[PDB]
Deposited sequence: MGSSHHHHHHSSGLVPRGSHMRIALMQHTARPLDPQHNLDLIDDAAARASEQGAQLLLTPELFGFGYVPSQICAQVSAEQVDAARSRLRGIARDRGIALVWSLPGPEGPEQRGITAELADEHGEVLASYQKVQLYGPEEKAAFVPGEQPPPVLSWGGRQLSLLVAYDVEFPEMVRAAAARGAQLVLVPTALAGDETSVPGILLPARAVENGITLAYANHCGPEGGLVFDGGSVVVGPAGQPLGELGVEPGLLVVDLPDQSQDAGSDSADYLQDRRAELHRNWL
């Protein structure tokens, strides 16, 4: 509804099912969500991990070329510009099939790519075969009055990954994901802790329903600094729209912690 008195940031999360290896279909779905989010007053849309090709790691490695990834990336830059909305997507990275990782990028409302990040924590044997892990810490950048960061899926389950973002100043961590198998503890136990233990907000945008042999949980959610959901979806497709409104980060004895991991 109308923009509320105490908020100058409205975000949207797209939760939907992707079709393996059908980028025209999946990117159309993102385009539809982007238009809808923009009409609803959202300034940014977060979309799920690997949505443009479906969550099919071994098929992506075997069948999706670099030129086909770049074509999807171009289309997504165009959707950000043409729908006038910042957009976070996740595709394979730009290198050859055996050299690339899983990435996330943020384009602003002008279509300018502000940040790119390569998933550091790959999940399971299929992802580890299909992709190269990232080696760089999460980026943190000013946008819309806050410091935003990016992580991908399994990364958020590691307190170290969220702490790395918060250490660089992050306030709002945006996380494309692909979580299947009724893993309730991730959004139900881990995200709230990641929010509280850093004093940050996180947004987690999942696939939902059957896709690529798996059953995605939905459960997309935005969690505030007190660990409470500001908004959440269940298992069905949806567009979640949320208005955003002793100290751990300074107290942590990071010079000792770094020697004890």
| item | value |
| --- | --- |
| Missing residue ranges, deposited sequence indexing starting at 1 | 1 to 12, 258 to 267 |
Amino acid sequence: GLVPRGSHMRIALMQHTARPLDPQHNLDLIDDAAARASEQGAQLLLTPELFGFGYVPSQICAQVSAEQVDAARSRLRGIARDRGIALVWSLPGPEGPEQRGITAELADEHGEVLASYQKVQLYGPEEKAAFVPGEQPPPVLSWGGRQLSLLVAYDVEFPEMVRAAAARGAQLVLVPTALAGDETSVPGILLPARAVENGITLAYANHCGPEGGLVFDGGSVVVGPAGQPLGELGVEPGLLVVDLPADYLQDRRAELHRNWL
From here on, numbers count along this sequence of modelled residues.
| item | value |
| --- | --- |
| Which of 111 to 119 and 167 to 175 has higher mean CA B factor, as the PDB entry lists it | 111 to 119 |
| Higher-B stretch (mean Cα B-factor, as the entry records it), 4 to 12 or 252 to 260 | 4 to 12 |
| Options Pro192, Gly212, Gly199, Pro57 - largest CA temperature factor per the record | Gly212 |
| C-alpha B-factor winner, where the candidates are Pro138, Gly145, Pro159, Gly134 | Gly145 |
| Where the record places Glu49 (Cα B-factor, split into thirds across the chain) | lowest |
| Where the record places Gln63 (Cα B-factor, split into thirds across the chain) | highest |
| Ranked against its chain, the third holding the CA B-factor of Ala205 | lowest |
| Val222, C-alpha B-factor rank within chain (lowest, middle or highest third) | lowest |
| Cα B factor band for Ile85 (lowest, middle or highest third within the chain) | middle |
